[PDB]
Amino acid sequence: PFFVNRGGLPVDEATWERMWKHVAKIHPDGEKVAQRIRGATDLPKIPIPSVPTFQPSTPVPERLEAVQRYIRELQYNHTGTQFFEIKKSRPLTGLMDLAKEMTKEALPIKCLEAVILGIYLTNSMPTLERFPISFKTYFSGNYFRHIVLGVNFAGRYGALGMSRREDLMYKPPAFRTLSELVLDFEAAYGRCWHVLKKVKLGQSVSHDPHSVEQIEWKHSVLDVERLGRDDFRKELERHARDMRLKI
């Protein structure tokens, strides 16, 4: 369970104390972690990651590698406090303002922040299509939710994102079908003993960062166990076809 910073940056007194109180509960050392860090004057100066920019001669797959490297440099947020509030129903232009702030302030992030950043950083790539892909999995009597940014370049499929696991985020845009991309994620979940239950597929997101349209996160919802393997593939390919036809 996570707290969300809702007061902007800098983090206000109540939210900052809540973060440290949470750390003291979770970390076996507890108060000594805060004792060492809070007010310390010798802490490392972390470089602000450089936002990637692209010459027109750089191929799009190489740009995507740089976007993912940038996302990774921010680091996965293990503090227990999410530093940016993401209201998923916001107009795209407001989520793009937030993405800009994420690049300016350079704090750790988790999967949903990464999806917003991936859009922000690929709006300059009109020959690339971007659409969210959400997963619901099951392990040891609990459900887990995850989100990545699906991408489509030159008829191939890939993904950008942020996960604590290496094989649950970045996928180079090499998969011939959307089915093959999603089945790769399913296999990666299987390898860490999670059962994939649901996949939710969004529609393509405008490249206009001033668009007032909403992101459509749950356009297609697939019940993996109920559909079975053959209809799972069929539905995935139906979502992909609709997206391509609509373009």
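Numbering starts at 1 and runs along the sequence shown. If you superpose the two forms and keep the largest set of C-alpha atoms that fall within 1.5 Å, you have the rigid core.
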{"query": "35-43 against 179-187 - segment lying farther from this form in 5 other deposited structures of this protein (CA RMS, rigid core fit)", "finding": "35-43"}
{"query": "Average Cα temperature factor in the PDB entry - higher stretch of 162-170, 86-94", "finding": "86-94"}
{"query": "Segment of higher mean CA temperature factor, 231-239 or 11-19", "finding": "231-239"}
{"query": "Residue of maximum C-alpha B factor among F131, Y120, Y138, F175, per deposited coordinates", "finding": "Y138"}
{"query": "Highest recorded Cα temperature factor - choice among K45, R63, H194, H27", "finding": "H27"}
{"query": "Entry-reported Cα temperature factor of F153, expressed as the chain third it lands in", "finding": "middle"}
{"query": "Lowest, middle or highest third - CA B-factor, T103", "finding": "lowest"}
{"query": "For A40, the third of its chain into which the C-alpha B factor falls", "finding": "highest"}
{"query": "Ranked C-alpha temperature factor of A188 among modelled chain residues, by third", "finding": "lowest"}
{"query": "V182, C-alpha B-factor rank within chain (lowest, middle or highest third)", "finding": "lowest"}
